[PDB]
Structures are given as structure tokens and as C-alpha cells.
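Q: Quick one: the structure is below, and I'll ask about it shortly.
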2 protein chains.
Amino acid sequence: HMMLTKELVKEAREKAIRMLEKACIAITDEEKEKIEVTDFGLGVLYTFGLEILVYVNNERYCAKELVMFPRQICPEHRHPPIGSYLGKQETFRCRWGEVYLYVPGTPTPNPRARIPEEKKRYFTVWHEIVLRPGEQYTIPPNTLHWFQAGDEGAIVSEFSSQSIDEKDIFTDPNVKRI
Amino acid sequence: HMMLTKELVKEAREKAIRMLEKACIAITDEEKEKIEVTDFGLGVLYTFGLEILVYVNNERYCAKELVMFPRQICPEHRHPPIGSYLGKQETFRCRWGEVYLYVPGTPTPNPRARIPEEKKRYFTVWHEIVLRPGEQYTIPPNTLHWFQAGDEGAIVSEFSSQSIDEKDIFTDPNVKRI
Ligand SMILES: OC[C@H]1O[C@@H](O)[C@@H](O)[C@@H](O)[C@@H]1O
Ligand SMILES: OC[C@H]1O[C@@H](O)[C@@H](O)[C@@H](O)[C@@H]1O
Ligand SMILES: [Mn+2]
Ligand SMILES: [Mn+2]
């Protein structure tokens, strides 16, 4: 249950690099140094965390590679409207492994995800979309969602409207995105 | 110098599938059937052509995979403003192979591309950007550009504002996009 040190960040960045290269996704040396490692401020990176390569992000489009270690969870959040921006719409495409995405709707029986008991209160949507390599789903703006990688981890691509991560809203009050 | 038949389209679609899978890019069966094969209406697909998988294309963002056979050329074009749309801005990322992209600016000496004599009149920009796997370049709207794959072909990803291919403007008057 540790604060996010320089050394933990390095270890996670190197692991995400290994995963990307094993999936045959080429990345430049400059990109290797720029991969973002977030524990969402929750201090258990291998439980709640994401390792992110931003390919491009501007007002007109965004694309990222979201690397997830085995059973890593992205905590529940929504990309809200901000001023006259509608909020981010995103399409996820699983490239490698598998991911369990949860969105609003009828609760899926026998969900695949496993959430710590202490954190169950912070997952409110339970309609399951399982994505395997090549499969996609689109999330409209201001929609609560979260995801957990399967037992071998996942690489999930994002194609989206502009990303403004600083303005995301997280169900878990403990989360600090940056 | 042949019209684009059902059989030529099938052959090219299958070759693009082989290339995608060799590059470890997963694609679904439905996507395999939906890959677009265009000879730009010029009747020499292996000289001028593109094989395209659209991942997603809506008013807020677009992402595609552009598959190019060895030395296949995308003829020169620009994505213009249309009404109050600025025109498409796109970022290209080479995933596999290599591609020679040409944009406006100072002519690059010793360009890598090889253009048929009959078609040289239709390439007006000659500032070369070579992209190898992992490398990117961004093209602003209404900018003339064209590209040729290297000797082993290329897979180039596009991340872009919405795509409206029907409205592209091509230097070569012979081109019919669809
Ligand atoms: O903000 C947390 C993360 O949420 C995921 O769903 C994606 O939207 C990422 O782009 C983002 O960085
Ligand atoms: O229209 C021809 C093609 O031009 C390429 O540069 C890309 O912009 C493709 O998306 C497009 O289909
Ligand atoms: Mn999201
Ligand atoms: Mn273009």
C-alpha cells in the first residue's frame, strides 16, 4: 500500500514497454520515456492503475494506448461536459489480452471483474461488455464506466474526442487523477 | 491496366488481411469483409491504391488502418473545408514497414519515391517525411500530400478529425475516390 515512487514508476513503465513490444506495437525511445503511470492516487498501482501512451491529443481528436497489467482496474469515472465542450466520447478497441468494461444498464449476472471489498461502494455501473482482441465499444460523454483487465492484462486503444484528464469525475472520492 | 473486379478486390483484401495479421493487428471477421480496396479509379491498383480498415468515423473523431502493398502510392490530395467544417486534420503513425510522405515545403533532394512518368505531372509537393514504425506526422487541413510505401509495403494508422472521403480534392483529374 505504497506511495508512487520514481522506482515504482520506472518498473511499471518498463513492464508496459515489454507488453507493447510483445504485442508488436512499435514505440519510439521518446515515447518510452513519456508513458504515463498513474495509481489514481490510491497507492496500490497493481490493483488500481493504468499505464498510458498518448499518441496524439488536440482539440479535434485524441488517440492513446492504455496498457493494463493483470487484473489492473481503472476506477469508475465519467468525462463530463466542461463549458461548451460536450465531454469526451471515446471508442475502446482491445488490441491484446482481454478487458471487462462496465457501463450503465441492466446488471450482468456472473460479472468477470473482481473488486476489493473496501472499494465495492465505488462501482455503481454493472452492465458488462467483454472485449477480446479486435473488439470495440463506444462510450458517450458523461457516462460512468470502469474496466478491469483479465488475468494476462490487456492493451486497449482509445480513439476519442479531445482528452482533458484533469476534468474527469471519479466516483471514488479518494482518486486524484494526476 | 485493369478495371477493379470482384476478384481483384478479394485478392487485395486477403493480402491486406495477411499483412495486418503478420503485424499482430487483430481484426474481426466482420472487419475482414469491410476492408475497402480502392484503385482511385486509375485501373492499376498495385501502383495507385490503398486498402483501408475504418475503425471508427464520426463527427468528433476518426481512426483508420491504411494498408499499402510494396510501393503502392496514394495519389496527391487535400482534405478541404466544406461549409463550416475546417477540413480533416490527420496524424499518420507508421506501424509496420515504411512510408514516404510528401507535404508542401522545400523539395527534398534524392527523394525515395518512384512515380510513373505518365503521372509525374500530378505530384506537386516534394518535401519528404520518411516514417518508420512508431513514427508520426500531422497534416493540417487543406494541405496537399501523398505517400508511397517502401519495398515491403506499409501499414499506417490514421488518427483524425471526421473523414469525408467523397469530398477530398485530388490533383490528378482522373481520380475517382469511390
Ligand atoms: O482519466 C482516466 C482514464 O480514463 C480511461 O477511460 C480513458 O478515458 C483514459 O484516456 C483516461 O486517462
Ligand atoms: O481519400 C484518400 C485517403 O487519403 C489518405 O491520406 C487518408 O486521408 C485516408 O483516410 C483517405 O481515405
Ligand atoms: Mn474513459
Ligand atoms: Mn490524407
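We label chains A, B, ... in the order they appear in the C-alpha cells, count residues from 1 in each chain, and number ligands from 1 in the order shown.
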Within 7 Å of chain A, which residues of chain B show up when using only C-alpha atoms, listed as a PyMOL selection string?

A: chain B and resi 23-24+26-28+60-61+63+95+133-134+159-161

Q: Just the selected residues (C-alpha atoms), exported as a CSV table (one decimal), in the first residue's frame, please.

A:
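Saved file again10.csv follows:
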```csv
chain,number,residue,atom,x,y,z
B,23,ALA,CA,1.9,-7.2,-37.9
B,24,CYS,CA,-0.1,-8.7,-35.0
B,26,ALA,CA,-6.2,-8.3,-34.6
B,27,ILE,CA,-9.2,-7.7,-36.8
B,28,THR,CA,-12.7,-9.3,-36.6
B,60,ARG,CA,-16.0,14.0,-33.3
B,61,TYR,CA,-13.0,11.7,-34.3
B,63,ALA,CA,-9.3,6.3,-36.8
B,95,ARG,CA,3.0,0.7,-37.6
B,133,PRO,CA,7.5,2.0,-37.3
B,134,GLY,CA,6.4,4.1,-34.3
B,159,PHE,CA,-6.0,9.4,-36.2
B,160,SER,CA,-8.0,12.3,-37.5
B,161,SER,CA,-11.0,14.6,-37.3
```

Q: Which residues are near ligand 2 in this structure, taking near to mean any atom at most 10 Å from a ligand atom and counting only C-alpha atoms and all ligand atoms? Format them as a ChimeraX atom specification.

A: /B:36,38,40,49-54,62-66,74-79,88-92,101,139,144-147,156-160,162-170,176-178

Q: For the residues in that selection, give me C-alpha atoms as a JSON list (two decimals), in the first residue's frame.

A:
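After the write, again.json holds the following:
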```
[["chain", "number", "residue", "atom", "x", "y", "z"],
["B", 36, "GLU", "CA", -12.08, -1.07, -48.51],
["B", 38, "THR", "CA", -9.59, 1.49, -53.83],
["B", 40, "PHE", "CA", -8.64, 5.60, -57.05],
["B", 49, "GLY", "CA", -4.22, 2.14, -54.40],
["B", 50, "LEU", "CA", -4.97, 1.77, -50.71],
["B", 51, "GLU", "CA", -6.58, -0.92, -48.61],
["B", 52, "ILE", "CA", -8.39, 0.66, -45.66],
["B", 53, "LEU", "CA", -9.93, -0.56, -42.40],
["B", 54, "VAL", "CA", -12.05, 2.12, -40.73],
["B", 62, "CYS", "CA", -11.87, 9.09, -36.83],
["B", 63, "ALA", "CA", -9.31, 6.29, -36.75],
["B", 64, "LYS", "CA", -8.27, 4.01, -39.63],
["B", 65, "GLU", "CA", -5.59, 1.49, -40.63],
["B", 66, "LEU", "CA", -4.18, 2.21, -44.09],
["B", 74, "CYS", "CA", -1.77, 7.24, -52.50],
["B", 75, "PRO", "CA", -2.26, 9.98, -55.16],
["B", 76, "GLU", "CA", -1.94, 13.61, -54.15],
["B", 77, "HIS", "CA", -4.94, 15.14, -52.46],
["B", 78, "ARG", "CA", -6.13, 17.63, -49.87],
["B", 79, "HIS", "CA", -8.98, 17.37, -47.32],
["B", 88, "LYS", "CA", -9.79, 16.97, -41.98],
["B", 89, "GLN", "CA", -6.64, 17.21, -39.85],
["B", 90, "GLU", "CA", -4.88, 13.85, -39.66],
["B", 91, "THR", "CA", -1.99, 12.28, -37.79],
["B", 92, "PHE", "CA", -0.27, 9.34, -39.50],
["B", 101, "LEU", "CA", 5.06, 11.01, -47.09],
["B", 139, "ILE", "CA", -1.07, 17.13, -41.73],
["B", 144, "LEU", "CA", -1.73, 18.73, -50.39],
["B", 145, "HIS", "CA", 0.01, 15.43, -49.60],
["B", 146, "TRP", "CA", 0.64, 11.95, -50.99],
["B", 147, "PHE", "CA", 2.60, 8.90, -49.95],
["B", 156, "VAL", "CA", -0.03, 3.39, -41.50],
["B", 157, "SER", "CA", -2.56, 4.33, -38.83],
["B", 158, "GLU", "CA", -4.65, 7.47, -39.17],
["B", 159, "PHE", "CA", -5.97, 9.41, -36.20],
["B", 160, "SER", "CA", -8.02, 12.30, -37.46],
["B", 162, "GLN", "CA", -14.00, 13.14, -39.10],
["B", 163, "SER", "CA", -13.27, 11.64, -42.55],
["B", 164, "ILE", "CA", -15.43, 12.58, -45.57],
["B", 165, "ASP", "CA", -13.58, 10.84, -48.37],
["B", 166, "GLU", "CA", -16.21, 11.80, -51.02],
["B", 167, "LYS", "CA", -15.14, 15.47, -50.61],
["B", 168, "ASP", "CA", -11.37, 15.05, -50.95],
["B", 169, "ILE", "CA", -9.79, 17.00, -53.84],
["B", 170, "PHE", "CA", -7.18, 15.16, -55.96],
["B", 176, "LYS", "CA", -12.47, 8.98, -58.66],
["B", 177, "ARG", "CA", -12.17, 8.18, -54.95],
["B", 178, "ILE", "CA", -15.09, 5.71, -54.74]]
```

Q: Which residue gives the smallest distance to residue B:11 among B:152, B:123, B:46, B:113, with only C-alpha atoms counted?

A: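 Comparing B:152, B:123, B:46, B:113 against residue B:11, the winner is B:46.
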
Q: Out of A:174, A:42, A:67, A:35, which residue has the shortest atom-to-atom distance to residue A:19 when counting only C-alpha atoms?

A: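 Closest candidate: A:67.
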
Q: One decimal, Å: what's the distance from atom CA of residue B:86 over to atom 8 (O, counted along the ligand's line) of ligand 1, could you say?

A: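 The value is 25.8 Å.
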
Q: I need the residues in stretch 23-168 of chain B that are helix (DSSP H, G or I) according to DSSP; give them as an MDAnalysis selection string.

A: chainID B and resid 29:34 117:122 165:167

Q: Could you save those same residues with N, CA and C atoms as a short mmCIF file (atom, residue, chain, number, x, y, z; two decimals), in the first residue's frame?

A:
```cif
data_model
loop_
_atom_site.label_atom_id
_atom_site.label_comp_id
_atom_site.auth_asym_id
_atom_site.auth_seq_id
_atom_site.Cartn_x
_atom_site.Cartn_y
_atom_site.Cartn_z
N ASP B 29 -13.88 -10.85 -37.97
CA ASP B 29 -14.33 -11.39 -39.25
C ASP B 29 -15.15 -10.37 -40.02
N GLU B 30 -15.96 -9.59 -39.29
CA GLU B 30 -16.79 -8.57 -39.89
C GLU B 30 -15.89 -7.50 -40.50
N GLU B 31 -14.82 -7.12 -39.79
CA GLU B 31 -13.89 -6.14 -40.34
C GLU B 31 -13.19 -6.67 -41.59
N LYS B 32 -12.84 -7.94 -41.60
CA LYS B 32 -12.18 -8.53 -42.77
C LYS B 32 -13.02 -8.30 -44.03
N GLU B 33 -14.36 -8.38 -43.89
CA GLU B 33 -15.25 -8.25 -45.04
C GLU B 33 -15.43 -6.78 -45.41
N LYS B 34 -15.05 -5.88 -44.51
CA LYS B 34 -15.38 -4.48 -44.71
C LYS B 34 -14.16 -3.67 -45.13
N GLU B 117 6.24 7.92 -65.09
CA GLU B 117 6.45 9.12 -65.90
C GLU B 117 5.15 9.80 -66.28
N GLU B 118 4.14 8.98 -66.60
CA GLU B 118 2.86 9.50 -67.05
C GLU B 118 2.16 10.27 -65.92
N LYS B 119 2.62 10.11 -64.67
CA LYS B 119 1.84 10.66 -63.57
C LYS B 119 2.60 11.75 -62.82
N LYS B 120 3.85 11.98 -63.21
CA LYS B 120 4.67 12.97 -62.53
C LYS B 120 4.00 14.34 -62.47
N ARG B 121 3.25 14.69 -63.52
CA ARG B 121 2.58 15.98 -63.53
C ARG B 121 1.62 16.13 -62.34
N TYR B 122 1.22 15.02 -61.67
CA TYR B 122 0.20 15.12 -60.65
C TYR B 122 0.78 15.00 -59.24
N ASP B 165 -14.48 11.14 -47.27
CA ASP B 165 -13.58 10.84 -48.37
C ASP B 165 -14.14 11.38 -49.70
N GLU B 166 -15.47 11.37 -49.83
CA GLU B 166 -16.21 11.80 -51.02
C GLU B 166 -15.87 13.25 -51.38
N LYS B 167 -15.43 14.05 -50.39
CA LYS B 167 -15.14 15.47 -50.61
C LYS B 167 -13.65 15.78 -50.77
#
```

Q: Taking only C-alpha atoms into account, name the residue in A:124, A:16, A:131, A:109 that is nearest to residue A:69.

A: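 Among the listed residues, the smallest separation from residue A:69 belongs to A:16.
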
Q: Rounded to one decimal in Å, what is the spacing between atom CA of residue B:116 and atom CA of residue B:151?

A: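 It comes out at 15.6 Å.
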
Q: Please report, as a short mmCIF file (atom, residue, chain, number, x, y, z; two decimals) with C-alpha atoms, in the first residue's frame, each residue of stretch 35-156 of chain A to which DSSP assigns strand (DSSP E) when run on this structure's backbone.

A:
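So out.cif came out as:
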```
data_model
loop_
_atom_site.label_atom_id
_atom_site.label_comp_id
_atom_site.auth_asym_id
_atom_site.auth_seq_id
_atom_site.Cartn_x
_atom_site.Cartn_y
_atom_site.Cartn_z
CA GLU A 36 2.33 7.84 -18.00
CA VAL A 37 1.98 5.63 -14.92
CA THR A 38 -0.96 6.50 -12.66
CA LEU A 50 -3.13 2.45 -15.84
CA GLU A 51 -0.05 2.88 -17.98
CA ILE A 52 -0.79 5.23 -20.87
CA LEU A 53 0.90 6.21 -24.13
CA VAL A 54 -0.71 9.27 -25.72
CA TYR A 55 -0.22 9.12 -29.45
CA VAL A 56 -1.86 12.49 -30.09
CA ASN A 57 -4.33 14.75 -28.24
CA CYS A 62 -7.20 12.02 -29.47
CA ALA A 63 -5.68 8.55 -29.64
CA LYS A 64 -3.99 6.61 -26.82
CA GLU A 65 -2.76 3.12 -25.92
CA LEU A 66 -3.94 2.04 -22.46
CA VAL A 67 -1.77 -0.73 -21.06
CA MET A 68 -3.18 -2.73 -18.13
CA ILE A 73 -8.59 -1.72 -12.64
CA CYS A 74 -9.41 1.72 -13.98
CA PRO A 75 -11.67 3.22 -11.26
CA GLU A 76 -15.14 4.42 -12.20
CA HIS A 77 -15.33 7.82 -13.81
CA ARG A 78 -17.16 9.97 -16.33
CA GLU A 90 -14.36 7.50 -26.64
CA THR A 91 -14.11 4.27 -28.58
CA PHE A 92 -12.11 1.47 -26.95
CA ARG A 93 -10.56 -1.32 -29.05
CA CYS A 94 -8.91 -4.27 -27.31
CA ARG A 95 -5.60 -4.98 -29.06
CA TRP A 96 -4.22 -7.78 -26.83
CA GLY A 97 -5.40 -9.79 -23.83
CA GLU A 98 -8.92 -9.03 -22.68
CA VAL A 99 -10.74 -6.40 -20.70
CA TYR A 100 -14.03 -6.26 -18.85
CA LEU A 101 -15.69 -2.88 -19.41
CA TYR A 102 -18.68 -1.80 -17.31
CA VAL A 103 -21.20 0.80 -18.39
CA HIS A 127 -23.57 -3.76 -17.38
CA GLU A 128 -20.63 -5.83 -18.68
CA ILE A 129 -19.02 -5.61 -22.13
CA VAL A 130 -16.17 -8.12 -22.54
CA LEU A 131 -13.65 -7.03 -25.20
CA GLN A 136 -14.62 -2.28 -29.76
CA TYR A 137 -17.20 -0.35 -27.78
CA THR A 138 -18.09 3.38 -27.80
CA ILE A 139 -18.87 5.31 -24.56
CA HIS A 145 -17.65 3.47 -16.73
CA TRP A 146 -14.71 1.46 -15.42
CA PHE A 147 -12.73 -1.55 -16.55
CA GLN A 148 -10.60 -4.41 -15.30
CA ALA A 149 -8.05 -6.32 -17.39
CA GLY A 150 -8.18 -10.12 -17.45
CA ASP A 151 -5.61 -12.44 -15.89
CA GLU A 152 -2.92 -11.76 -18.51
CA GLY A 153 -3.53 -7.99 -18.64
CA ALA A 154 -4.74 -6.00 -21.70
CA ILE A 155 -3.76 -3.39 -24.16
CA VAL A 156 -6.74 -1.21 -25.08
#
```

Q: Distance atom CA of residue A:82-atom CA of residue A:106, one decimal place?

A: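 Between atom CA of residue A:82 and atom CA of residue A:106 the gap works out to 28.2 Å.
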